[PDB]
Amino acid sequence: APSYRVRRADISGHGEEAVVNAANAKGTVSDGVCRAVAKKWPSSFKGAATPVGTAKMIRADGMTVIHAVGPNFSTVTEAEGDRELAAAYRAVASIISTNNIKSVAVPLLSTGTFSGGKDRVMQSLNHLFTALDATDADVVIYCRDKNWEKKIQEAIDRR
């Protein structure tokens, strides 16, 4: 069974075996988690382009980087976005289990740039749990907001 905990820290300082980038489909560096990942592991972006709802892994800069493309909720219906968000997290879980990754730092996909202006912390976290429950990985969820940290911790605890 996987273990879940939450850190309020820059994900670029994670202590896990792998990190999930909240990526865009073009594999470009822009504001958000992606900027922190590009600064710390700059060569991890080579050929990282992957369609919405998929994930693409690379070993670069002594790190395993998993580029997961959550939906942009400005560009899909709510139901379409919810399916694509579930798919991105399942693509992450498959890469974790198939590559024998023992621990992973995970941001909440589609809760920032891609949130379409809405609070999607619980939507994103519920898809994260459902997908990563298929793995044996130690999962560390990263956020920057003290309120999010407690929400996430509350949600971890309720389980």
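Don't overthink the numbering: it's just position in the shown sequence, from 1.
In this entry, the higher average B-factor at the C-alpha atoms falls on 5-13, of the pair 18-26 and 5-13. In this entry, 130-138 has the higher mean Cα B-factor, the comparison being between 130-138 and 61-69. Residue 32 sits in the highest third of its chain by CA B factor, as recorded in the PDB entry.
Sorting the modelled residues of the chain by their CA temperature factor places residue 48 in the lowest third.
The deposited CA B-factor of residue 118 belongs to the highest third of values across its chain.
Residue 56 sits in the lowest third of its chain by CA B factor, as recorded in the PDB entry.
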